[PDB]
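File shown here: work_36.cif, holding mmCIF, C-alpha atoms and all ligand atoms.
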```
data_upload
loop_
_atom_site.label_atom_id
_atom_site.label_comp_id
_atom_site.auth_asym_id
_atom_site.auth_seq_id
_atom_site.Cartn_x
_atom_site.Cartn_y
_atom_site.Cartn_z
CA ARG F 44 0.00 0.00 0.00
CA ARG F 45 1.51 3.35 -1.09
CA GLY F 46 0.61 6.62 0.66
CA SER F 47 0.12 9.29 -1.98
CA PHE F 48 -0.92 12.27 0.23
CA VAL F 49 2.17 12.87 2.37
CA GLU F 50 1.51 16.66 2.64
CA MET F 51 -1.76 15.97 4.51
CA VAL F 52 -0.82 12.93 6.61
CA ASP F 53 -0.54 13.76 10.32
CA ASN F 54 -2.21 17.18 9.93
CA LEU F 55 -4.62 16.74 12.88
CA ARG F 56 -4.19 17.15 16.63
CA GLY F 57 -6.54 16.61 19.56
CA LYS F 58 -8.54 13.79 21.12
CA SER F 59 -12.06 12.38 21.24
CA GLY F 60 -13.22 14.37 24.30
CA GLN F 61 -12.19 17.84 23.08
CA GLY F 62 -12.23 17.22 19.31
CA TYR F 63 -9.65 16.95 16.53
CA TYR F 64 -8.46 20.11 14.80
CA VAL F 65 -6.55 21.20 11.69
CA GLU F 66 -4.50 24.37 11.13
CA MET F 67 -6.11 26.87 8.76
CA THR F 68 -5.40 30.42 7.68
CA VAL F 69 -7.93 33.19 7.09
CA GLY F 70 -7.47 36.66 5.60
CA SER F 71 -4.68 38.65 3.95
CA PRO F 72 -2.05 38.54 5.30
CA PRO F 73 -2.88 35.02 6.56
CA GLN F 74 -4.06 34.66 10.16
CA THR F 75 -3.37 31.17 11.53
CA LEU F 76 -6.08 29.44 13.59
CA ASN F 77 -6.68 25.90 14.81
CA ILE F 78 -10.06 24.65 13.67
CA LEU F 79 -12.20 21.76 15.00
CA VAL F 80 -13.14 19.26 12.28
CA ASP F 81 -16.90 18.68 12.57
CA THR F 82 -18.67 16.32 10.16
CA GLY F 83 -21.89 16.93 12.17
CA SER F 84 -22.40 20.60 11.12
CA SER F 85 -21.97 22.82 8.07
CA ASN F 86 -20.70 26.28 9.17
CA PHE F 87 -17.15 27.59 9.18
CA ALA F 88 -17.08 29.77 12.30
CA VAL F 89 -14.10 31.29 14.10
CA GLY F 90 -13.53 33.25 17.29
CA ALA F 91 -13.39 36.91 16.21
CA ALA F 92 -13.24 38.74 19.55
CA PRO F 93 -11.35 38.22 22.86
CA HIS F 94 -12.50 35.30 25.03
CA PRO F 95 -10.97 33.87 28.27
CA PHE F 96 -10.26 30.55 26.52
CA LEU F 97 -8.90 32.00 23.23
CA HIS F 98 -5.21 32.86 22.80
CA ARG F 99 -5.93 34.17 19.29
CA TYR F 100 -8.86 35.17 17.12
CA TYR F 101 -9.72 36.42 13.62
CA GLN F 102 -9.18 40.17 13.24
CA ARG F 103 -11.30 41.22 10.27
CA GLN F 104 -9.96 44.81 10.32
CA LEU F 105 -6.46 43.44 9.57
CA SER F 106 -7.54 41.47 6.47
CA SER F 107 -7.49 43.36 3.15
CA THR F 108 -9.63 40.63 1.56
CA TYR F 109 -12.40 40.63 4.20
CA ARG F 110 -15.93 41.15 2.83
CA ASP F 111 -18.83 41.93 5.17
CA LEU F 112 -22.11 40.13 4.36
CA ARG F 113 -23.98 42.50 6.75
CA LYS F 114 -25.90 39.63 8.34
CA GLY F 115 -25.89 37.97 11.76
CA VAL F 116 -26.12 34.27 12.59
CA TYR F 117 -27.28 32.72 15.88
CA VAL F 118 -26.51 29.05 16.54
CA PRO F 119 -27.95 27.60 19.77
CA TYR F 120 -27.58 23.86 20.31
CA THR F 121 -28.15 21.47 23.20
CA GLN F 122 -24.87 21.91 25.09
CA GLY F 123 -24.06 25.52 24.10
CA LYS F 124 -24.32 28.37 21.59
CA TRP F 125 -22.42 30.77 19.43
CA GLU F 126 -23.44 33.89 17.57
CA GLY F 127 -21.68 36.05 15.10
CA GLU F 128 -21.39 38.11 11.97
CA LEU F 129 -21.21 36.66 8.47
CA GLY F 130 -18.56 37.58 5.92
CA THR F 131 -16.21 36.06 3.36
CA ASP F 132 -12.45 35.91 3.13
CA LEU F 133 -9.58 33.95 1.60
CA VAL F 134 -8.95 30.66 3.38
CA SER F 135 -6.14 28.08 3.15
CA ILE F 136 -5.19 24.82 4.86
CA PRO F 137 -1.34 24.85 5.22
CA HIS F 138 -1.06 21.06 5.52
CA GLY F 139 -3.75 20.69 2.91
CA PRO F 140 -4.30 21.05 -0.84
CA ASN F 141 -2.13 23.80 -2.18
CA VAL F 142 -5.09 26.07 -2.95
CA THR F 143 -6.68 29.18 -1.49
CA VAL F 144 -10.41 29.79 -1.83
CA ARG F 145 -12.91 32.47 -0.90
CA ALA F 146 -15.27 31.04 1.72
CA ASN F 147 -18.03 32.10 4.08
CA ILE F 148 -16.82 32.74 7.63
CA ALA F 149 -18.99 33.35 10.69
CA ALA F 150 -17.03 35.73 12.92
CA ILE F 151 -18.03 34.65 16.44
CA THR F 152 -18.67 37.66 18.68
CA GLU F 153 -20.51 35.93 21.56
CA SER F 154 -20.66 32.33 22.76
CA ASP F 155 -21.53 30.10 25.71
CA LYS F 156 -19.86 26.74 26.49
CA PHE F 157 -18.51 26.61 22.93
CA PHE F 158 -14.84 27.34 23.51
CA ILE F 159 -13.15 24.71 25.69
CA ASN F 160 -10.39 25.81 28.03
CA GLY F 161 -7.13 24.28 26.79
CA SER F 162 -8.58 22.50 23.70
CA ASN F 163 -6.20 24.45 21.46
CA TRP F 164 -8.87 25.24 18.84
CA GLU F 165 -10.28 28.65 17.96
CA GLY F 166 -13.08 27.80 15.51
CA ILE F 167 -15.08 25.02 13.83
CA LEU F 168 -15.13 23.61 10.30
CA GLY F 169 -18.53 22.13 9.52
CA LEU F 170 -18.01 19.58 6.73
CA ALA F 171 -21.66 18.46 6.30
CA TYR F 172 -24.07 19.71 3.66
CA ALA F 173 -25.81 23.04 3.02
CA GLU F 174 -29.21 21.78 4.22
CA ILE F 175 -28.09 22.12 7.85
CA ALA F 176 -26.08 25.35 7.42
CA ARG F 177 -27.11 28.34 9.53
CA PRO F 178 -28.93 30.63 9.10
CA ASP F 179 -30.16 28.64 6.07
CA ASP F 180 -29.00 26.54 3.11
CA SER F 181 -28.03 29.63 1.08
CA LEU F 182 -24.81 29.92 3.10
CA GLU F 183 -22.48 27.73 1.05
CA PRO F 184 -20.34 25.46 3.30
CA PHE F 185 -16.54 25.54 3.09
CA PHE F 186 -16.09 22.21 1.34
CA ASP F 187 -18.69 23.16 -1.29
CA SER F 188 -16.72 26.37 -1.98
CA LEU F 189 -13.44 24.45 -2.12
CA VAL F 190 -14.74 22.00 -4.73
CA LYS F 191 -16.45 24.68 -6.83
CA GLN F 192 -13.43 26.99 -6.97
CA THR F 193 -10.68 24.37 -7.51
CA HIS F 194 -9.90 20.97 -9.04
CA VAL F 195 -9.88 19.30 -5.60
CA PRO F 196 -11.94 16.05 -5.91
CA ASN F 197 -15.29 16.01 -4.06
CA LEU F 198 -14.11 13.68 -1.28
CA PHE F 199 -12.26 13.86 2.03
CA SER F 200 -11.14 11.18 4.47
CA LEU F 201 -10.49 11.16 8.21
CA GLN F 202 -8.14 9.08 10.33
CA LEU F 203 -8.74 10.11 13.95
CA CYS F 204 -6.07 8.62 16.18
CA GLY F 205 -6.85 8.03 19.83
CA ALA F 206 -3.75 7.57 21.99
CA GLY F 207 -5.25 4.94 24.29
CA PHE F 208 -4.08 6.94 27.33
CA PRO F 209 -4.68 10.54 28.55
CA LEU F 210 -2.96 13.61 27.05
CA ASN F 211 -2.65 17.03 28.69
CA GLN F 212 -2.80 20.31 26.73
CA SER F 213 0.98 20.36 26.10
CA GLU F 214 0.97 16.68 25.08
CA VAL F 215 -1.85 17.34 22.56
CA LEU F 216 0.22 20.18 21.21
CA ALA F 217 3.24 17.94 20.64
CA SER F 218 1.40 14.80 19.47
CA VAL F 219 -0.06 13.90 16.09
CA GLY F 220 -3.79 13.18 16.37
CA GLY F 221 -4.50 11.87 12.86
CA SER F 222 -5.04 12.90 9.26
CA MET F 223 -7.61 14.74 7.19
CA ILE F 224 -6.93 13.95 3.52
CA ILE F 225 -8.65 16.57 1.41
CA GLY F 226 -9.49 15.27 -2.07
CA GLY F 227 -8.35 11.67 -1.72
CA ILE F 228 -7.72 8.37 0.05
CA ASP F 229 -4.28 7.62 1.52
CA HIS F 230 -3.64 3.88 1.52
CA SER F 231 -1.04 4.10 4.34
CA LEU F 232 -3.80 5.01 6.83
CA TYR F 233 -5.71 1.72 6.83
CA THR F 234 -5.41 -2.05 6.62
CA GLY F 235 -7.61 -4.51 4.75
CA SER F 236 -10.45 -3.42 2.46
CA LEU F 237 -12.65 -0.30 2.35
CA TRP F 238 -16.36 -1.12 2.56
CA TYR F 239 -18.92 1.51 1.56
CA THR F 240 -22.34 2.37 2.92
CA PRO F 241 -24.67 4.80 1.04
CA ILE F 242 -25.21 8.34 2.22
CA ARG F 243 -28.98 8.10 2.66
CA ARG F 244 -29.53 11.84 2.22
CA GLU F 245 -27.13 14.80 1.93
CA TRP F 246 -27.73 16.84 5.09
CA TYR F 247 -25.82 15.22 7.90
CA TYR F 248 -23.69 12.28 6.77
CA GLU F 249 -26.68 10.01 7.28
CA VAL F 250 -26.30 6.20 7.11
CA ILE F 251 -28.44 3.13 7.84
CA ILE F 252 -27.56 0.55 10.50
CA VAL F 253 -29.21 -2.82 9.82
CA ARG F 254 -28.01 -5.05 12.73
CA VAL F 255 -26.18 -4.65 16.05
CA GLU F 256 -24.23 -7.35 17.90
CA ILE F 257 -22.53 -7.42 21.28
CA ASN F 258 -19.86 -10.16 21.28
CA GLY F 259 -21.66 -11.81 18.34
CA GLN F 260 -25.04 -11.79 20.12
CA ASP F 261 -27.74 -10.05 18.09
CA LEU F 262 -29.36 -7.17 20.02
CA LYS F 263 -32.45 -8.31 18.06
CA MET F 264 -34.34 -5.02 17.85
CA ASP F 265 -36.35 -3.95 14.82
CA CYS F 266 -33.70 -2.24 12.74
CA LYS F 267 -35.75 0.98 12.48
CA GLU F 268 -34.92 1.44 16.19
CA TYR F 269 -31.23 1.71 15.36
CA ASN F 270 -31.90 4.68 13.04
CA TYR F 271 -34.63 6.44 15.02
CA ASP F 272 -34.79 9.26 13.95
CA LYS F 273 -31.50 9.16 11.99
CA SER F 274 -27.98 7.70 12.16
CA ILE F 275 -25.05 9.99 11.38
CA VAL F 276 -21.25 10.01 11.29
CA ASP F 277 -20.08 12.90 13.47
CA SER F 278 -16.47 13.78 14.33
CA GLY F 279 -17.75 16.66 16.53
CA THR F 280 -19.43 14.30 19.03
CA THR F 281 -17.20 12.36 21.43
CA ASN F 282 -19.34 9.30 22.15
CA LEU F 283 -21.16 6.58 20.34
CA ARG F 284 -24.66 7.85 21.05
CA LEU F 285 -27.61 5.48 20.66
CA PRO F 286 -31.39 6.12 20.66
CA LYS F 287 -32.76 5.67 24.22
CA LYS F 288 -34.34 2.25 23.65
CA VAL F 289 -31.23 0.95 21.85
CA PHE F 290 -28.95 2.38 24.55
CA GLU F 291 -30.97 0.59 27.25
CA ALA F 292 -30.77 -2.74 25.41
CA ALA F 293 -27.08 -2.35 24.51
CA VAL F 294 -26.06 -1.39 28.06
CA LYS F 295 -27.95 -4.39 29.44
CA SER F 296 -26.02 -6.63 27.03
CA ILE F 297 -22.65 -4.98 27.74
CA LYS F 298 -23.23 -5.32 31.50
CA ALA F 299 -24.06 -9.00 31.02
CA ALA F 300 -20.92 -9.62 28.96
CA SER F 301 -18.71 -7.80 31.50
CA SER F 302 -20.52 -9.20 34.55
CA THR F 303 -17.40 -10.69 36.19
CA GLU F 304 -16.82 -7.12 37.43
CA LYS F 305 -19.54 -4.84 38.82
CA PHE F 306 -19.43 -1.18 37.83
CA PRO F 307 -21.44 1.63 39.43
CA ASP F 308 -24.44 3.21 37.74
CA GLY F 309 -22.47 6.44 37.27
CA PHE F 310 -19.97 4.59 35.08
CA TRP F 311 -22.69 3.23 32.79
CA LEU F 312 -24.27 6.72 32.66
CA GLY F 313 -20.98 7.98 31.15
CA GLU F 314 -20.46 10.36 34.12
CA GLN F 315 -17.98 8.60 36.42
CA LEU F 316 -14.51 7.29 35.63
CA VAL F 317 -13.28 3.80 36.51
CA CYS F 318 -9.63 3.08 37.28
CA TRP F 319 -7.38 0.02 37.34
CA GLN F 320 -3.83 -0.46 38.56
CA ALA F 321 -1.31 0.53 35.85
CA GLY F 322 -1.38 -1.90 32.91
CA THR F 323 -4.16 -4.11 34.34
CA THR F 324 -7.24 -2.81 32.47
CA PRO F 325 -9.26 -6.02 31.88
CA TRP F 326 -9.99 -5.46 28.20
CA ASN F 327 -10.94 -9.12 27.71
CA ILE F 328 -13.98 -8.94 30.04
CA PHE F 329 -15.57 -6.25 27.87
CA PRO F 330 -17.32 -7.26 24.62
CA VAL F 331 -16.72 -6.17 21.06
CA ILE F 332 -19.55 -4.22 19.41
CA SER F 333 -20.50 -4.69 15.76
CA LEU F 334 -22.63 -2.32 13.71
CA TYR F 335 -23.83 -3.71 10.39
CA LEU F 336 -24.26 -1.04 7.72
CA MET F 337 -26.24 -1.15 4.49
CA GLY F 338 -23.95 -2.03 1.57
CA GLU F 339 -23.86 -0.67 -1.97
CA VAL F 340 -25.05 -3.95 -3.52
CA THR F 341 -28.71 -4.99 -3.26
CA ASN F 342 -29.31 -7.19 -0.20
CA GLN F 343 -25.68 -6.87 1.01
CA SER F 344 -24.40 -5.49 4.29
CA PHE F 345 -21.02 -5.29 6.02
CA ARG F 346 -20.01 -4.86 9.65
CA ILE F 347 -17.64 -2.64 11.56
CA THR F 348 -16.44 -4.00 14.91
CA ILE F 349 -14.99 -1.92 17.74
CA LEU F 350 -13.19 -2.92 20.90
CA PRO F 351 -13.43 -1.58 24.48
CA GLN F 352 -10.18 0.23 23.56
CA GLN F 353 -12.48 2.41 21.42
CA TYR F 354 -15.55 2.72 23.66
CA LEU F 355 -13.68 3.22 26.96
CA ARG F 356 -12.28 6.73 26.68
CA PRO F 357 -9.00 7.38 28.58
CA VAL F 358 -9.20 10.13 31.20
CA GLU F 359 -6.86 11.40 33.89
CA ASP F 360 -7.56 10.26 37.46
CA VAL F 361 -9.41 12.67 39.76
CA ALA F 362 -6.41 12.37 42.11
CA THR F 363 -2.66 11.80 41.50
CA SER F 364 -2.00 8.16 40.53
CA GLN F 365 -0.44 5.86 37.93
CA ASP F 366 -3.79 4.11 37.47
CA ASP F 367 -5.26 3.65 34.00
CA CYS F 368 -8.68 5.31 34.04
CA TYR F 369 -11.56 5.59 31.59
CA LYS F 370 -15.10 6.77 31.05
CA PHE F 371 -17.75 4.73 29.26
CA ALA F 372 -18.14 6.55 25.92
CA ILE F 373 -21.51 5.13 24.86
CA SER F 374 -24.49 7.25 25.82
CA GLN F 375 -28.20 7.86 25.19
CA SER F 376 -29.59 10.11 22.45
CA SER F 377 -33.01 11.59 21.64
CA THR F 378 -31.80 12.64 18.15
CA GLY F 379 -30.74 9.32 16.66
CA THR F 380 -27.53 7.32 16.50
CA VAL F 381 -24.34 9.36 16.46
CA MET F 382 -21.18 7.56 15.39
CA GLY F 383 -18.85 9.96 17.18
CA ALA F 384 -15.11 10.26 17.53
CA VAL F 385 -14.57 7.20 19.78
CA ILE F 386 -16.04 4.96 17.04
CA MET F 387 -14.27 6.87 14.22
CA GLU F 388 -10.97 6.24 16.08
CA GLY F 389 -11.30 2.57 15.08
CA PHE F 390 -11.49 3.29 11.36
CA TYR F 391 -10.28 5.24 8.40
CA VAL F 392 -13.49 6.92 7.22
CA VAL F 393 -13.89 8.07 3.63
CA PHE F 394 -16.50 10.78 3.02
CA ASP F 395 -17.02 10.11 -0.70
CA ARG F 396 -19.38 12.95 -1.49
CA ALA F 397 -18.93 12.46 -5.26
CA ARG F 398 -20.36 8.91 -5.08
CA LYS F 399 -22.73 9.62 -2.15
CA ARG F 400 -21.14 6.96 0.08
CA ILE F 401 -19.05 6.58 3.21
CA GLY F 402 -16.20 4.09 3.34
CA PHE F 403 -14.85 2.31 6.43
CA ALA F 404 -11.57 0.42 6.81
CA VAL F 405 -9.65 -0.68 9.90
CA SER F 406 -7.45 2.23 10.99
CA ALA F 407 -3.68 1.84 11.02
CA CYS F 408 -3.75 3.83 14.31
CA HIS F 409 -6.56 2.06 16.19
CA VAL F 410 -5.79 0.99 19.75
CA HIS F 411 -5.97 -2.76 20.35
CA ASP F 412 -4.34 -5.63 22.24
CA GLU F 413 -2.49 -8.83 21.29
CA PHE F 414 -5.74 -10.86 21.17
CA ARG F 415 -8.27 -8.67 19.32
CA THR F 416 -8.38 -5.90 16.70
CA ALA F 417 -11.08 -3.72 15.23
CA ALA F 418 -12.57 -5.16 12.02
CA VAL F 419 -14.43 -4.27 8.82
CA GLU F 420 -15.87 -7.41 7.27
CA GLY F 421 -18.38 -8.49 4.65
CA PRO F 422 -20.46 -9.26 2.80
CA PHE F 423 -23.57 -10.50 4.60
CA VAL F 424 -26.89 -11.21 2.98
CA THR F 425 -29.40 -8.80 4.57
CA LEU F 426 -32.99 -8.35 3.39
CA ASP F 427 -35.34 -5.33 3.47
CA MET F 428 -32.57 -2.91 4.49
CA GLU F 429 -34.41 0.17 3.19
CA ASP F 430 -37.08 -0.58 5.85
CA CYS F 431 -34.42 0.14 8.49
CA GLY F 432 -34.56 3.84 7.57
CA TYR F 433 -36.86 6.03 9.64
CA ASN F 434 -39.32 8.38 7.93
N1 LIG A 1 -21.26 17.77 15.87
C1 LIG A 1 -21.57 18.73 16.76
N2 LIG A 1 -21.21 19.97 16.56
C2 LIG A 1 -21.44 21.13 17.42
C3 LIG A 1 -20.22 21.45 18.20
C4 LIG A 1 -19.98 22.58 18.95
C5 LIG A 1 -18.71 22.58 19.58
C6 LIG A 1 -18.00 21.44 19.30
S1 LIG A 1 -18.87 20.38 18.25
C7 LIG A 1 -21.90 22.29 16.54
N3 LIG A 1 -23.33 22.06 16.50
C8 LIG A 1 -24.16 22.69 15.55
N4 LIG A 1 -25.46 22.36 15.54
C9 LIG A 1 -26.23 22.99 14.63
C10 LIG A 1 -25.72 23.90 13.73
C11 LIG A 1 -24.37 24.17 13.83
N5 LIG A 1 -23.57 23.58 14.74
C12 LIG A 1 -23.86 21.11 17.46
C13 LIG A 1 -22.65 20.93 18.35
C14 LIG A 1 -22.60 19.63 19.18
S2 LIG A 1 -22.51 18.16 18.13
#
```
Structure rendered as structure tokens:
Amino acid sequence: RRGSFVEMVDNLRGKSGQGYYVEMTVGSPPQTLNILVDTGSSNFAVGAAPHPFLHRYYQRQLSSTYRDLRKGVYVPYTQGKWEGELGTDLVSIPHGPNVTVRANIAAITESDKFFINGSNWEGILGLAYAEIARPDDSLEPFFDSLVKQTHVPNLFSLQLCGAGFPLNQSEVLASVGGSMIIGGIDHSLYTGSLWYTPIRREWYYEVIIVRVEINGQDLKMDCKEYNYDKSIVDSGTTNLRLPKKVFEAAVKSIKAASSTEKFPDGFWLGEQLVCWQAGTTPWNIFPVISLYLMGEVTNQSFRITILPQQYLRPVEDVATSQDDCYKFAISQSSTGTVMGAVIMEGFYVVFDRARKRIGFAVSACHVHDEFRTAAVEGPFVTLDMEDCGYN
């Protein structure tokens, strides 16, 4: 396997809890900012005024190429909000395609619980489609601008690399967190074959899950439950989030598989860390989890399989110790399945917008042990898969 995108390999930093970010520049002369990669939204928005958690921000008055769109944007969401002022400017990705484009930028002037202290990022790059752009679908997303203005192919791919142990702010800064390959697929980043699932509709990166197993045991729910009210691939969410009913069934099964050790309710609620003596995390007592995805061929599916090394998220201990500690990174949702960063860390994920499909292959940087690895396997004969989609 040759790796043909060396300029873009290792261009990300960060971690599942705080997000993965890429360096970008905005304006003339270029202003460097670190930008969260978010496949779950569609706005390019950057800090544009002082904030306690920002060491730098976009200064529109210092950019000769700034254009004011004379329009505000207000983006409240469950956990937080940002608001700002729309404009356009020249934008580049230094460890990216060697192109500069004119793109929409939301200059964030006010926010609440958006910026994260010590995350090292100063804005967000929404890579999903115009339908979910704010204030409306007339605000062309960055990637749409990039493809229209250049010869960059209509595809990007993400290798998010979890360390398997905690990183502090300085360690994030010095460590490679993965790769965002703009316009292609780098074969060095994965092992085995790429398997593709259709993008059901171009808004979020929406997919259809057709079967779920815990250690090979079918969760045995009607497959519509798995996609109620949608299933998406979202680098801007930390956890694997499952619809309430599915979460309840999955947690019951995971508890049963891991029952040789009892964990407190707060662990299963994703709130409380668990710790083990250094090196002794009992990976083998925890089950693998397989999600079967609709394939491209009629009546065919494939599965992706993750380990506890994916769904147990490393965290630092609440007190000074050499223990290995984790939070359970599967949680309930009222807005559908979210395949967040902890599941993406298992895989190289190809966002093939041109062919309306998402590819999965085992990541060359997934965390595993000597006994088990993540997997992408197929095909399986699966009937009536369209019925798994929620309307
Ligand atoms: N993937 C996610 N991205 C957001 C993130 C905010 C901060 C980090 S990830 C931005 N967001 C959003 N929603 C609607 C329109 C625009 N953005 C929701 C929020 C949590 S989940």
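Considering only C-alpha atoms and all ligand atoms, the residues that reside within 8 Å of ligand LIG 1 (chain A) can be listed as residues 61, 62, 79, 81, 82, 83, 84, 85, 86, 118, 119, 120, 121, 122, 123, 124, 157, 158, 167, 169, 175, 176, 177, 277, 278, 279 and 280 of chain F.
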Store the residues picked out above in a file with C-alpha atoms, as a JSON list (two decimals), in the frame of the given file.
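Saved file selection.json follows:
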```json
[["chain", "number", "residue", "atom", "x", "y", "z"],
["F", 61, "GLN", "CA", -12.19, 17.84, 23.08],
["F", 62, "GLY", "CA", -12.23, 17.22, 19.31],
["F", 79, "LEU", "CA", -12.20, 21.76, 15.00],
["F", 81, "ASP", "CA", -16.90, 18.68, 12.57],
["F", 82, "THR", "CA", -18.67, 16.32, 10.16],
["F", 83, "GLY", "CA", -21.89, 16.93, 12.17],
["F", 84, "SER", "CA", -22.40, 20.60, 11.12],
["F", 85, "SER", "CA", -21.97, 22.82, 8.07],
["F", 86, "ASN", "CA", -20.70, 26.28, 9.17],
["F", 118, "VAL", "CA", -26.51, 29.05, 16.54],
["F", 119, "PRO", "CA", -27.95, 27.60, 19.77],
["F", 120, "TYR", "CA", -27.58, 23.86, 20.31],
["F", 121, "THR", "CA", -28.15, 21.47, 23.20],
["F", 122, "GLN", "CA", -24.87, 21.91, 25.09],
["F", 123, "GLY", "CA", -24.06, 25.52, 24.10],
["F", 124, "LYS", "CA", -24.32, 28.37, 21.59],
["F", 157, "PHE", "CA", -18.51, 26.61, 22.93],
["F", 158, "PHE", "CA", -14.84, 27.34, 23.51],
["F", 167, "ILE", "CA", -15.08, 25.02, 13.83],
["F", 169, "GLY", "CA", -18.53, 22.13, 9.52],
["F", 175, "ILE", "CA", -28.09, 22.12, 7.85],
["F", 176, "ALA", "CA", -26.08, 25.35, 7.42],
["F", 177, "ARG", "CA", -27.11, 28.34, 9.53],
["F", 277, "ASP", "CA", -20.08, 12.90, 13.47],
["F", 278, "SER", "CA", -16.47, 13.78, 14.33],
["F", 279, "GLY", "CA", -17.75, 16.66, 16.53],
["F", 280, "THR", "CA", -19.43, 14.30, 19.03]]
```
Please return, as a CSV table (one decimal) with C-alpha atoms, in the frame of the given file, all polymer residues that have at least one atom within 6 Å of the point (-15.8, -0.8, 8.9); use only C-alpha atoms and the file's own coordinate frame.
```
chain,number,residue,atom,x,y,z
F,346,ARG,CA,-20.0,-4.9,9.6
F,347,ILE,CA,-17.6,-2.6,11.6
F,403,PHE,CA,-14.8,2.3,6.4
F,404,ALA,CA,-11.6,0.4,6.8
F,419,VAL,CA,-14.4,-4.3,8.8
```
Could you give me, as an mmCIF file with C-alpha atoms, keeping the file's coordinate frame, the residues within 9 Å of residue 205 (chain F), counting only C-alpha atoms and dropping anything in the same chain fewer than 3 positions from it?
```cif
data_model
loop_
_atom_site.group_PDB
_atom_site.id
_atom_site.type_symbol
_atom_site.label_atom_id
_atom_site.label_comp_id
_atom_site.auth_asym_id
_atom_site.auth_seq_id
_atom_site.Cartn_x
_atom_site.Cartn_y
_atom_site.Cartn_z
ATOM 1 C CA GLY F 57 -6.540 16.610 19.560
ATOM 2 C CA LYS F 58 -8.540 13.790 21.120
ATOM 3 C CA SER F 59 -12.060 12.380 21.240
ATOM 4 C CA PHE F 208 -4.080 6.940 27.330
ATOM 5 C CA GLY F 220 -3.790 13.180 16.370
ATOM 6 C CA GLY F 221 -4.500 11.870 12.860
ATOM 7 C CA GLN F 353 -12.480 2.410 21.420
ATOM 8 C CA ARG F 356 -12.280 6.730 26.680
ATOM 9 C CA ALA F 384 -15.110 10.260 17.530
ATOM 10 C CA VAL F 385 -14.570 7.200 19.780
ATOM 11 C CA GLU F 388 -10.970 6.240 16.080
ATOM 12 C CA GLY F 389 -11.300 2.570 15.080
ATOM 13 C CA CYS F 408 -3.750 3.830 14.310
ATOM 14 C CA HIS F 409 -6.560 2.060 16.190
ATOM 15 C CA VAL F 410 -5.790 0.990 19.750
#
```
Q.
For region 135-138 of chain F, find every residue with an atom within 7 Å (counting all atoms listed in the file), except residues of its own chain fewer than 4 positions away, and show them as a ChimeraX atom specification.
A. /F:50-51,54,66-69,142-144
Q) Which one of F:90, F:73, F:109, F:204 sits closest to residue 218 (chain F) if you count only C-alpha atoms? A)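 Ranking F:90, F:73, F:109, F:204 by distance to residue 218 (chain F), first place goes to F:204.
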Q: Have a look at CA of residue 162 (chain F) and CA of residue 212 (chain F) and let me know their distance in Å, one decimal.
A: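 We find that CA of residue 162 (chain F) and CA of residue 212 (chain F) lie 6.9 Å from each other.
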Q | Non-local contacts of residue 248 (chain F) (9 Å; all atoms listed in the file; under 5 positions in same chain excluded) as a list in words | A |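 Close residues of residue 248 (chain F): residues 82, 83, 171, 172, 242, 243, 274, 275, 276, 277, 394, 400 and 401 of chain F.
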Q: Would you work out the distance separating CA of residue 397 (chain F) from CA of residue 88 (chain F), expressed in Å to one decimal?
A: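 One can read the CA of residue 397 (chain F) to CA of residue 88 (chain F) distance as 24.7 Å.
For the set F:375, F:386, F:95, F:249, the residue with the smallest atom-to-atom gap to residue 285 (chain F) is F:375, counting all atoms listed in the file.
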I want to know what sits within 8 Å of region 263-271 of chain F, based on all atoms listed in the file, with residues of the same chain fewer than 4 positions away left out; could you give that as a compact mmCIF listing (two decimals) with C-alpha atoms, in the coordinates of the input?
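In the end it all went to around.txt:
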```txt
# COMPACT_ATOMS: atom_id res chain seq x y z
CA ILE F 251 -28.44 3.13 7.84
CA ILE F 252 -27.56 0.55 10.50
CA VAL F 253 -29.21 -2.82 9.82
CA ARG F 254 -28.01 -5.05 12.73
CA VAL F 255 -26.18 -4.65 16.05
CA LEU F 285 -27.61 5.48 20.66
CA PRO F 286 -31.39 6.12 20.66
CA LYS F 288 -34.34 2.25 23.65
CA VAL F 289 -31.23 0.95 21.85
CA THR F 378 -31.80 12.64 18.15
CA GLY F 379 -30.74 9.32 16.66
CA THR F 380 -27.53 7.32 16.50
CA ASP F 430 -37.08 -0.58 5.85
CA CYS F 431 -34.42 0.14 8.49
CA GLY F 432 -34.56 3.84 7.57
CA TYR F 433 -36.86 6.03 9.64
```
Q) What separation in Å, quoted to one decimal, exists between CA of residue 230 (chain F) and CA of residue 47 (chain F)? A)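 A separation of 7.5 Å between them.
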